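Presented below is the structure to which this report refers.
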Amino acid sequence: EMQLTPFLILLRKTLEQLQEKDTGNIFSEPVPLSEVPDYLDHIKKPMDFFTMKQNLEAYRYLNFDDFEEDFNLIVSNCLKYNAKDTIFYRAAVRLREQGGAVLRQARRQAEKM
Ligand SMILES: CCn1c(=O)c(C)nc2cc(C(=O)N[C@@H](C)c3cnn(C)c3C)ccc21
């Protein structure tokens with residue numbers, strides 16, 4: 001199959017590209033429960049890009065689909081929690097669109113290895 005090191009290099013680059021699409025950095029860190037005290041009542045598995053970076057370096061993404069699954073959680077959690085008329089909801093829609101294109105290109109690179 002493929003070697004670990006180039007795959008992790010690719011995931012690192014892809015994660016950076018996804019964060020670049022989050023210009024407000026609203027997905028960069030876990031949603032602050034100090035300010036959203038009911039968040040865990042609705043969201044079973046919080047996700048954010050800092051947690052994704054920790055998972056990456058902890059060797060918890062060994063295939064592309066697990067990495068993409070956690071990105072999709074960032075999006076879906078935000079769509080679930082926030083009303084449609086909020087900036088947060090619309091930011092998740094835009095991230096789904098822009099991040100999907102980043103991910104399709106990165107997957108093509110993974111399939112080259
Ligand atoms: C879009 C994801 N997201 C949500 O889905 C919901 C429901 N709330 C969010 C709230 C913040 C947030 O509070 N950011 C800044 C003002 C702040 C204030 N104090 N602290 C410690 C921080 C980080 C960020 C993202 C959020």
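Just follow the structure's listing: the first ligand is 1, and inside any ligand the first atom is 1. The basis for the numbers below is simple: all heavy atoms, side chains too, and nothing from hydrogens, waters or symmetry mates. Throughout, numbering of the chain's residues begins at 1 and tracks the sequence.
The closest side-chain heavy-atom distance from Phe27 to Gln19 is not below 4.5 Å. Looking at heavy atoms from C-beta onward, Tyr81 lies out of side-chain contact with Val31 at the 4.5 angstrom threshold.
Close contacts between ligand 1 and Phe27 involve ligand atoms 1 (C) [criterion: under 4.0 Å to a heavy atom]. Interface atoms of ligand 1 facing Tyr81, defined by a heavy-atom separation under 4.0 Å, are 7 (C). With ligand atoms numbered from 1 in the order given, ligand 1 contributes 8 (N) to contacts under 4.0 Å with heavy atoms of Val36.
Using a cut-off of 4.0 Å between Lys/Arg side-chain N and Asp/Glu carboxylate O, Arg60 and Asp70 are scored as not salt-bridged. With respect to the salt-bridge test (charged N to carboxylate O, under 4.0 angstrom), the residues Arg107 and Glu111 do not qualify.
Under the 4.0 Å distance rule, the nearest protein heavy atom to atom 1 (C) of ligand 1 falls inside the cut-off. In this structure, atom 8 (N) of ligand 1 is in close contact with the protein, since a protein heavy atom lies within 4.0 Å of it. Distance check on atom 16 (C) of ligand 1: every protein heavy atom falls at or beyond the 4.0 Å cut-off.
More than 12 heavy atoms of other residues, nucleotides or ligands lie within 6.0 Å of CG in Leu4, so this atom counts as buried by the packing criterion.
At a heavy-atom distance under 4.0 Å, no atom of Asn77 approaches ligand 1. Contact annotation for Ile26 and ligand 1: heavy atoms of both the backbone and the side chain come within less than 4.0 Å of the ligand.
Atoms CD and CG, from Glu57 and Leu8 in turn, are 7.0 Å apart once rounded to the nearest 0.5 Å.
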